[PDB]
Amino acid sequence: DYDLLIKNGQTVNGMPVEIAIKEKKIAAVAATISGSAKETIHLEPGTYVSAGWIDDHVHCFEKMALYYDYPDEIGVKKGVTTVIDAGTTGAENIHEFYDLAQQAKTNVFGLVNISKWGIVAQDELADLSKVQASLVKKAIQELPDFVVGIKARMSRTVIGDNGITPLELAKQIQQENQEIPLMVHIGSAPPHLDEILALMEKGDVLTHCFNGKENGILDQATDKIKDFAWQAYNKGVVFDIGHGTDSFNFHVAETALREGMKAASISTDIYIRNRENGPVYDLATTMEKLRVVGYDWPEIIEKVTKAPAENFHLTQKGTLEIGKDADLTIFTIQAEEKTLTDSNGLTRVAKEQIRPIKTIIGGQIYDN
């Protein structure tokens, strides 16, 4: 006896798979599962199945000013079972966000911005009084089932004249909360990338890793990846895509690949505006971009499941292991040209498209 059984599936590696579900958890996984269940799904031959896709850089607090979106429009409806809001809210408004986040079909987690009001303004790190370690600690102790880390947006328009100081505070706050995961956003200088990378350690997540700005990882003068960027990479700093409206450049990603560098995790930095009007329409589209860059589907899948799950300690998600939460994404991969545009207007023609057709969350089935 099981609650749900999925048959005739196949992993991205070409492995036959069937999953048995009971009590919102994965009860069994094998090439063939002969058992009874309330409902049984019979997938069409050639259909792929993986752990529920996870987008670890999102903005889905629907009540926020401009930077917002609706959880299920970027989640379940796009084959994404779990999303992590990248610091849209601070300790002062995360509760209002948390309450709304519960009514979503999609699992929603969040990073608390070190600035108490989150991204209300554009420069929430320009006024240091807003960065109270105490308030962050309280949020972390108040919502352990929701807060999986802290966001620090280290770029020109955010920090005003406070330079690198906000990051030091971020590292201190991390120290004060059991080394909770820290996500670092980079953009234009100040601060300079090298100064930022120097303070980050293995486990710290560097989002917008392949942005094409001058202060990015590519040395535009030599057309090579800066040495200190390789150093941070080599020491374990987790490179996260966080595509966004202006943070993903094809040339940078391609150059990195040629040098043997790949992002650890693929994310969208999506919000209603770049979702509706592009350049980032959804996770699938972002995945197709790294596919065209050169990554293969198996590693791509791992980068939107196991990796993000590990980056933020989602111990119960990310893999099709017995005992884990029953979150799955069922999709197809087809040969069909499609135009893809990055954050800087560079275009590439994709030859393969990935499309979710069924999404399972906590054992519940959702079509499309």
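Residue indices: 1-based, along the sequence shown.
_Comparing average C-alpha B factors as deposited, tell me which of 57-65 and 31-39 sits higher._
Mean C-alpha B-factor is greater for 31-39.
*Which has the higher mean CA temperature factor in the PDB entry, 290-298 or 124-132?*
On average, C-alpha B-factors are higher across 124-132.
*Just grab whichever of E96, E254, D240, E73 has the top CA B-factor as deposited.*
The listed residue with the largest C-alpha B-factor is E96.
_Out of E142, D282, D204, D85, highest CA B-factor residue_ = Comparing C-alpha B-factors across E142, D282, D204, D85, the maximum falls on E142.
*Can you tell me which third, lowest, middle or highest, the CA B-factor of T222 falls into for its chain?*
Highest third.
_Which third, lowest, middle or highest, does the C-alpha temperature factor of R156 belong to within its own chain?_
Within its chain, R156 is a middle-third residue by C-alpha B-factor, going by the deposited values.
*Could you say whether, by C-alpha temperature factor, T341 belongs to the lowest, middle or highest third of its chain?*
For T341, whose C-alpha B-factor we compare with every modelled residue in the chain, the answer is the middle third.
_Using the temperature factors of the C-alpha atoms in this entry, rank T305 within its chain: lowest, middle or highest third._
Lowest third of the chain for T305's C-alpha B-factor.
_How does the C-alpha B factor of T332 compare with the rest of the chain: lowest, middle or highest third?_
As the PDB entry reports it, the C-alpha B-factor of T332 lands in the middle third of its chain.
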